[PDB]
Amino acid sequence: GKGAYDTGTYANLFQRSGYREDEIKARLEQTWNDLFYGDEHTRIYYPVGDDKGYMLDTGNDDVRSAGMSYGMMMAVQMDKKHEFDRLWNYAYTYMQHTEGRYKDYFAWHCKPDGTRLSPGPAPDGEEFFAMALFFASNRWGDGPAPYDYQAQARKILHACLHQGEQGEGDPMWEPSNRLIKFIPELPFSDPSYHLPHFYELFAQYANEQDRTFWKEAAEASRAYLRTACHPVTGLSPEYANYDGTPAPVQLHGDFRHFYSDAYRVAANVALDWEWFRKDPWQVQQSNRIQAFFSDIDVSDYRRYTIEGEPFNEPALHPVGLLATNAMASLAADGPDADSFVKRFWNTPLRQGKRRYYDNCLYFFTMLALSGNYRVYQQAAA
(Lines of atoms letter the chains of each structure in order from A and count residues from 1; the text may use other names and numbers.)
(Lines give C-alpha, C1' and ligand atoms only; values in the text may rest on other atoms or scores of the structure.)
Protein backbone atom coordinates (compact mmCIF):
# COMPACT_ATOMS: atom_id res chain seq x y z
CA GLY A 1 0.00 0.00 0.00
CA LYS A 2 0.68 3.80 -0.09
CA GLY A 3 0.97 6.13 2.97
CA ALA A 4 -1.08 9.15 4.15
CA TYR A 5 1.36 11.44 2.18
CA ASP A 6 0.14 9.76 -1.10
CA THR A 7 -3.51 8.79 -0.22
CA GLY A 8 -4.47 11.66 2.18
CA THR A 9 -6.19 8.87 4.24
CA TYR A 10 -5.31 8.89 8.00
CA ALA A 11 -6.11 5.82 10.21
CA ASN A 12 -8.36 6.60 13.26
CA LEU A 13 -7.04 3.88 15.66
CA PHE A 14 -9.38 5.16 18.47
CA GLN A 15 -12.36 4.50 16.11
CA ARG A 16 -10.79 1.07 15.19
CA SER A 17 -10.57 0.40 19.01
CA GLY A 18 -14.38 0.99 19.27
CA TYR A 19 -14.53 4.66 20.51
CA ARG A 20 -17.09 7.07 18.88
CA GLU A 21 -15.93 9.82 16.41
CA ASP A 22 -17.82 12.45 18.53
CA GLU A 23 -15.97 11.28 21.72
CA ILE A 24 -12.52 11.26 19.98
CA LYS A 25 -12.67 14.87 18.57
CA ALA A 26 -14.03 16.19 21.95
CA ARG A 27 -11.15 14.36 23.77
CA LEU A 28 -8.54 15.91 21.35
CA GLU A 29 -9.97 19.48 21.86
CA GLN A 30 -10.03 19.03 25.71
CA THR A 31 -6.32 17.91 25.62
CA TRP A 32 -5.42 21.12 23.64
CA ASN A 33 -7.45 23.35 26.08
CA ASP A 34 -5.83 21.74 29.22
CA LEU A 35 -2.17 21.84 27.96
CA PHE A 36 -2.44 25.45 26.58
CA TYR A 37 -5.26 27.07 28.71
CA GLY A 38 -5.56 24.77 31.79
CA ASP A 39 -4.82 25.35 35.54
CA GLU A 40 -1.36 25.94 37.18
CA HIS A 41 -0.75 22.14 37.74
CA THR A 42 -1.63 21.09 34.11
CA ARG A 43 -0.97 23.84 31.46
CA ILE A 44 2.61 23.97 29.94
CA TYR A 45 1.91 27.02 27.62
CA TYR A 46 2.21 30.65 28.91
CA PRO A 47 1.35 33.69 26.70
CA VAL A 48 3.73 36.72 27.15
CA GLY A 49 2.63 40.28 26.13
CA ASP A 50 0.48 40.54 22.93
CA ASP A 51 2.73 38.75 20.32
CA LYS A 52 4.70 36.11 22.35
CA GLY A 53 4.36 32.88 24.42
CA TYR A 54 6.43 29.80 25.47
CA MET A 55 6.30 26.08 26.47
CA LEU A 56 7.82 25.61 30.00
CA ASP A 57 9.90 22.53 30.98
CA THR A 58 8.16 22.48 34.44
CA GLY A 59 10.66 19.73 35.50
CA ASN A 60 13.72 22.00 34.87
CA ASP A 61 12.02 25.49 35.23
CA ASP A 62 13.46 26.53 31.77
CA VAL A 63 12.23 27.01 28.12
CA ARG A 64 13.84 24.45 25.71
CA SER A 65 14.21 24.60 21.86
CA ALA A 66 12.71 21.04 21.58
CA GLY A 67 9.68 22.22 23.68
CA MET A 68 9.03 25.50 21.75
CA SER A 69 9.31 23.48 18.46
CA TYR A 70 6.91 20.76 19.82
CA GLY A 71 4.50 23.64 20.71
CA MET A 72 4.57 25.12 17.15
CA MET A 73 3.87 21.66 15.55
CA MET A 74 0.98 21.14 18.08
CA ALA A 75 -0.37 24.64 17.09
CA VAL A 76 -0.23 24.19 13.24
CA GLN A 77 -1.56 20.55 13.42
CA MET A 78 -4.59 21.93 15.42
CA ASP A 79 -5.05 25.04 13.11
CA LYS A 80 -4.06 27.46 15.99
CA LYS A 81 -2.25 30.32 14.13
CA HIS A 82 -2.41 32.88 17.03
CA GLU A 83 -0.59 30.45 19.43
CA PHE A 84 1.81 29.20 16.65
CA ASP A 85 2.94 32.83 15.93
CA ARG A 86 3.41 33.70 19.68
CA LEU A 87 5.74 30.64 20.12
CA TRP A 88 7.76 31.29 16.88
CA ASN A 89 8.13 35.03 17.85
CA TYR A 90 9.60 33.96 21.27
CA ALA A 91 12.07 31.49 19.59
CA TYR A 92 13.13 33.91 16.74
CA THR A 93 13.62 36.82 19.25
CA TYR A 94 15.44 35.32 22.30
CA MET A 95 16.84 31.93 21.12
CA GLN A 96 17.92 32.24 17.40
CA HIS A 97 21.61 33.33 16.91
CA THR A 98 22.13 36.31 14.49
CA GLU A 99 25.99 36.01 14.75
CA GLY A 100 28.82 33.59 15.73
CA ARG A 101 29.55 29.86 15.02
CA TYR A 102 25.81 29.10 15.76
CA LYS A 103 24.34 31.79 13.37
CA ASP A 104 20.68 30.81 12.50
CA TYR A 105 20.74 27.93 15.10
CA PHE A 106 18.74 28.26 18.40
CA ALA A 107 20.11 28.49 22.00
CA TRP A 108 18.88 25.07 23.29
CA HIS A 109 17.35 26.49 26.57
CA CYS A 110 16.65 29.95 28.15
CA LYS A 111 14.73 31.51 31.13
CA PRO A 112 10.97 32.32 30.88
CA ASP A 113 11.88 36.08 30.51
CA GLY A 114 14.13 35.04 27.54
CA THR A 115 17.63 35.11 29.19
CA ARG A 116 19.77 32.33 27.55
CA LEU A 117 21.25 29.62 29.89
CA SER A 118 23.45 27.93 27.20
CA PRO A 119 24.34 29.30 23.71
CA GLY A 120 24.81 25.83 22.05
CA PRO A 121 21.85 24.29 20.12
CA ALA A 122 19.75 21.04 20.19
CA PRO A 123 19.18 19.69 16.61
CA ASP A 124 15.80 17.98 17.40
CA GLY A 125 14.50 21.58 17.96
CA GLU A 126 15.83 22.93 14.58
CA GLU A 127 14.21 20.08 12.50
CA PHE A 128 10.83 20.42 14.40
CA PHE A 129 11.02 24.28 13.93
CA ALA A 130 11.65 23.72 10.15
CA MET A 131 8.84 21.09 9.67
CA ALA A 132 6.32 23.20 11.73
CA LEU A 133 7.18 26.39 9.71
CA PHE A 134 6.71 24.63 6.28
CA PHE A 135 3.26 23.34 7.51
CA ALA A 136 2.40 26.95 8.63
CA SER A 137 3.37 28.23 5.10
CA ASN A 138 1.38 25.38 3.39
CA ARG A 139 -1.72 25.81 5.71
CA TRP A 140 -1.90 29.64 6.29
CA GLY A 141 0.49 31.10 3.64
CA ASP A 142 3.68 33.15 4.34
CA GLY A 143 2.97 36.36 6.33
CA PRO A 144 5.35 39.38 6.57
CA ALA A 145 8.75 38.67 8.29
CA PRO A 146 9.45 37.18 10.70
CA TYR A 147 6.24 35.21 9.76
CA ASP A 148 7.54 34.38 6.21
CA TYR A 149 7.32 30.72 7.36
CA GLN A 150 8.80 28.66 4.43
CA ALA A 151 11.71 31.23 4.09
CA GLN A 152 12.57 30.98 7.85
CA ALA A 153 12.49 27.12 7.48
CA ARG A 154 14.88 27.08 4.43
CA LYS A 155 17.32 29.46 6.28
CA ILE A 156 17.44 27.01 9.29
CA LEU A 157 17.96 23.83 7.13
CA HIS A 158 20.70 25.70 5.12
CA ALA A 159 22.62 26.33 8.43
CA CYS A 160 21.95 22.65 9.48
CA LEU A 161 23.88 21.28 6.40
CA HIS A 162 26.30 24.21 5.60
CA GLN A 163 27.19 25.84 9.02
CA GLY A 164 31.03 25.22 8.72
CA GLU A 165 31.52 26.63 5.17
CA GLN A 166 31.17 30.32 6.35
CA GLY A 167 34.40 30.23 8.46
CA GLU A 168 33.65 28.58 11.86
CA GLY A 169 30.75 26.42 13.15
CA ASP A 170 29.75 22.73 12.57
CA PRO A 171 26.79 21.20 10.62
CA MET A 172 23.94 19.32 12.44
CA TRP A 173 24.20 16.55 9.75
CA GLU A 174 27.51 14.63 9.30
CA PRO A 175 28.17 14.90 5.51
CA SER A 176 29.79 11.39 5.25
CA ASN A 177 26.80 9.33 6.61
CA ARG A 178 23.85 11.85 6.18
CA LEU A 179 22.89 11.30 9.90
CA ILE A 180 21.64 14.12 12.24
CA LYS A 181 24.14 14.68 15.15
CA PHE A 182 23.60 14.92 18.97
CA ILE A 183 25.20 18.44 18.78
CA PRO A 184 27.29 20.10 16.01
CA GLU A 185 30.66 19.38 17.78
CA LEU A 186 30.40 15.65 18.80
CA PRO A 187 30.65 12.81 16.20
CA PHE A 188 27.74 10.70 17.63
CA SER A 189 23.89 10.91 17.48
CA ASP A 190 20.53 10.38 19.30
CA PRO A 191 18.11 7.73 17.87
CA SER A 192 15.08 9.88 19.00
CA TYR A 193 16.36 12.79 16.76
CA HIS A 194 15.87 10.74 13.52
CA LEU A 195 12.72 11.91 11.66
CA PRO A 196 13.10 10.32 8.17
CA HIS A 197 9.41 11.27 7.49
CA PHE A 198 10.29 15.01 8.14
CA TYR A 199 13.34 14.69 5.75
CA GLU A 200 11.06 13.42 2.88
CA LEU A 201 9.16 16.76 3.24
CA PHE A 202 12.43 18.79 3.53
CA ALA A 203 13.36 17.09 0.17
CA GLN A 204 10.23 18.89 -1.18
CA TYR A 205 10.52 22.34 0.49
CA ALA A 206 14.26 22.88 1.29
CA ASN A 207 16.65 25.05 -0.84
CA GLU A 208 17.00 23.26 -4.25
CA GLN A 209 20.76 22.41 -3.83
CA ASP A 210 19.97 20.40 -0.59
CA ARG A 211 16.93 18.32 -1.80
CA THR A 212 19.12 15.31 -2.87
CA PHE A 213 20.80 15.34 0.62
CA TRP A 214 17.40 15.28 2.47
CA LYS A 215 16.09 12.33 0.31
CA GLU A 216 19.37 10.37 0.97
CA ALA A 217 19.10 11.36 4.71
CA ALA A 218 15.48 9.97 4.83
CA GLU A 219 16.85 6.51 3.76
CA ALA A 220 20.05 6.91 5.92
CA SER A 221 17.94 7.55 9.11
CA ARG A 222 15.58 4.57 8.34
CA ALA A 223 18.80 2.43 8.01
CA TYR A 224 20.30 3.92 11.26
CA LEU A 225 17.13 3.18 13.34
CA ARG A 226 17.35 -0.54 12.25
CA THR A 227 20.92 -0.54 13.81
CA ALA A 228 19.86 1.54 16.91
CA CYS A 229 16.88 -0.66 18.05
CA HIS A 230 17.68 -4.02 19.81
CA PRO A 231 16.43 -6.81 17.46
CA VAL A 232 14.50 -8.68 20.27
CA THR A 233 13.05 -5.98 22.63
CA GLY A 234 12.94 -3.05 20.13
CA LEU A 235 14.48 -0.80 22.86
CA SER A 236 17.16 1.83 21.93
CA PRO A 237 19.79 3.91 23.82
CA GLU A 238 19.35 7.70 24.52
CA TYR A 239 22.75 8.52 22.87
CA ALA A 240 24.17 6.24 20.09
CA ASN A 241 27.36 6.13 17.92
CA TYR A 242 26.81 6.31 14.08
CA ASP A 243 26.99 2.43 14.02
CA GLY A 244 23.79 2.44 16.21
CA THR A 245 25.60 1.11 19.36
CA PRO A 246 25.14 3.00 22.68
CA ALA A 247 27.64 5.94 22.90
CA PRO A 248 30.24 6.12 25.72
CA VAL A 249 29.06 7.68 29.07
CA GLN A 250 29.18 11.54 28.83
CA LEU A 251 30.23 14.05 31.58
CA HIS A 252 26.56 15.19 32.14
CA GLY A 253 25.15 11.60 32.50
CA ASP A 254 24.95 7.94 31.30
CA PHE A 255 22.76 7.79 28.10
CA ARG A 256 23.44 4.15 26.93
CA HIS A 257 20.05 2.95 28.35
CA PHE A 258 16.31 3.12 27.35
CA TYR A 259 15.23 6.32 29.23
CA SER A 260 13.36 9.64 28.44
CA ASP A 261 14.89 10.52 24.98
CA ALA A 262 14.60 6.91 23.58
CA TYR A 263 10.76 6.82 24.14
CA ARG A 264 10.15 9.00 20.98
CA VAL A 265 11.89 6.41 18.64
CA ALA A 266 8.78 4.08 18.64
CA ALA A 267 6.46 7.11 17.91
CA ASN A 268 8.84 8.54 15.19
CA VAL A 269 9.12 5.03 13.51
CA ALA A 270 5.27 4.70 13.62
CA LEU A 271 4.55 8.20 12.13
CA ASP A 272 7.03 7.51 9.22
CA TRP A 273 5.13 4.21 8.48
CA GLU A 274 1.70 6.04 8.55
CA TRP A 275 2.96 8.90 6.25
CA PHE A 276 5.21 6.95 3.78
CA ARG A 277 4.86 3.09 4.32
CA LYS A 278 8.48 2.66 3.01
CA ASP A 279 10.18 0.30 5.56
CA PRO A 280 8.28 -2.95 6.46
CA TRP A 281 10.78 -3.38 9.43
CA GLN A 282 8.90 -0.46 11.17
CA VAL A 283 5.83 -2.79 11.61
CA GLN A 284 8.11 -5.45 13.26
CA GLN A 285 9.81 -2.83 15.52
CA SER A 286 6.33 -1.57 16.66
CA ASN A 287 5.32 -5.25 17.38
CA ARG A 288 8.58 -5.88 19.41
CA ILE A 289 8.50 -2.81 21.77
CA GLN A 290 4.70 -3.29 22.38
CA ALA A 291 5.42 -7.02 23.19
CA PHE A 292 8.21 -5.99 25.69
CA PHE A 293 5.67 -3.74 27.55
CA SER A 294 2.46 -5.83 26.90
CA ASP A 295 2.80 -7.37 30.45
CA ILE A 296 4.12 -4.25 32.35
CA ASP A 297 1.95 -1.65 34.22
CA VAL A 298 2.77 2.13 33.79
CA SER A 299 3.41 2.23 37.62
CA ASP A 300 6.05 -0.58 37.11
CA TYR A 301 7.91 1.29 34.26
CA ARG A 302 11.72 1.41 34.93
CA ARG A 303 14.97 2.43 33.22
CA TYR A 304 15.93 -0.63 31.05
CA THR A 305 19.18 -1.65 29.31
CA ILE A 306 18.41 -2.06 25.53
CA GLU A 307 18.81 -5.87 26.18
CA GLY A 308 15.71 -5.49 28.46
CA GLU A 309 17.34 -5.65 31.97
CA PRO A 310 15.26 -3.52 34.40
CA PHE A 311 17.08 -1.10 36.79
CA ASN A 312 15.44 -0.65 40.28
CA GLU A 313 15.19 3.07 39.24
CA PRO A 314 11.72 4.06 37.90
CA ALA A 315 11.09 5.82 34.55
CA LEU A 316 11.00 9.64 35.17
CA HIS A 317 8.23 9.93 32.46
CA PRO A 318 6.07 6.73 32.54
CA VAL A 319 2.97 8.51 30.99
CA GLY A 320 5.34 9.77 28.22
CA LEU A 321 6.56 6.12 27.75
CA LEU A 322 2.95 4.76 27.58
CA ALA A 323 2.01 7.52 25.02
CA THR A 324 4.93 6.56 22.65
CA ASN A 325 4.27 2.77 23.16
CA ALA A 326 0.59 3.61 22.25
CA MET A 327 1.67 5.75 19.21
CA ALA A 328 3.41 2.56 17.85
CA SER A 329 -0.17 1.17 17.18
CA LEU A 330 -0.10 3.38 13.98
CA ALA A 331 2.29 0.64 12.62
CA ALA A 332 1.87 -2.39 15.00
CA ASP A 333 -0.43 -5.16 13.60
CA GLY A 334 0.46 -7.44 16.60
CA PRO A 335 -1.88 -8.70 19.39
CA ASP A 336 -0.86 -5.77 21.73
CA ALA A 337 -1.90 -2.85 19.41
CA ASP A 338 -5.61 -2.69 20.53
CA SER A 339 -4.54 -3.10 24.24
CA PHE A 340 -2.15 -0.06 24.07
CA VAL A 341 -4.76 2.27 22.40
CA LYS A 342 -7.37 1.61 25.19
CA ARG A 343 -4.61 1.86 27.89
CA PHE A 344 -3.70 5.40 26.59
CA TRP A 345 -7.42 6.49 26.24
CA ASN A 346 -7.96 5.56 29.95
CA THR A 347 -4.72 7.48 30.92
CA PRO A 348 -5.24 11.22 31.73
CA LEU A 349 -2.58 14.01 31.31
CA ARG A 350 0.22 14.05 33.97
CA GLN A 351 0.13 16.61 36.85
CA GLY A 352 2.92 17.95 39.14
CA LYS A 353 6.33 19.55 38.42
CA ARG A 354 7.59 16.71 36.07
CA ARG A 355 4.47 16.77 33.75
CA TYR A 356 5.98 18.69 30.74
CA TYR A 357 7.73 15.83 28.78
CA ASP A 358 4.90 13.31 29.56
CA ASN A 359 2.17 15.71 28.27
CA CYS A 360 4.18 16.62 25.06
CA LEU A 361 4.37 12.86 24.12
CA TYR A 362 0.70 12.46 25.33
CA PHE A 363 -0.61 15.20 22.94
CA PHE A 364 1.33 13.89 19.85
CA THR A 365 -0.19 10.37 20.57
CA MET A 366 -3.73 11.90 20.96
CA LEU A 367 -3.22 13.69 17.55
CA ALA A 368 -1.75 10.54 15.83
CA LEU A 369 -4.25 7.91 17.18
CA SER A 370 -7.29 10.21 16.36
CA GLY A 371 -5.91 10.51 12.76
CA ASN A 372 -5.07 14.25 13.15
CA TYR A 373 -1.19 14.18 12.87
CA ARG A 374 -1.16 15.04 9.15
CA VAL A 375 1.06 16.33 6.29
CA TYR A 376 0.08 19.84 5.01
CA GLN A 377 1.28 20.01 1.37
CA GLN A 378 1.19 22.59 -1.45
CA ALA A 379 -2.39 21.45 -2.19
CA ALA A 380 -5.57 23.01 -3.66
CA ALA A 381 -7.12 24.78 -0.59
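The numbering used is simple: start at 1 and walk along the sequence shown.
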query: Given 369-377 and 12-20, the range whose Cα B-factors average higher in the PDB entry; finding: 12-20
query: Higher-B stretch (mean Cα B-factor, as the entry records it), 164-172 or 127-135; finding: 164-172
query: Given 273, 199, 304, 263, the residue at which the Cα B factor reaches its maximum; finding: 304
query: Options 152, 287, 268, 204 - largest CA temperature factor per the record; finding: 287
query: Third of the chain's Cα B-factor distribution that residue 73 belongs to, per the entry; finding: lowest
query: Chain-wide C-alpha B factor ranking for residue 352, given as lowest, middle or highest third; finding: middle
query: Assigned third (lowest, middle, highest) for the C-alpha B factor of residue 257; finding: middle
query: Chain third (lowest, middle, highest) by recorded CA B-factor, residue given as residue 191; finding: lowest
query: Third of the chain's Cα B-factor distribution that residue 86 belongs to, per the entry; finding: highest
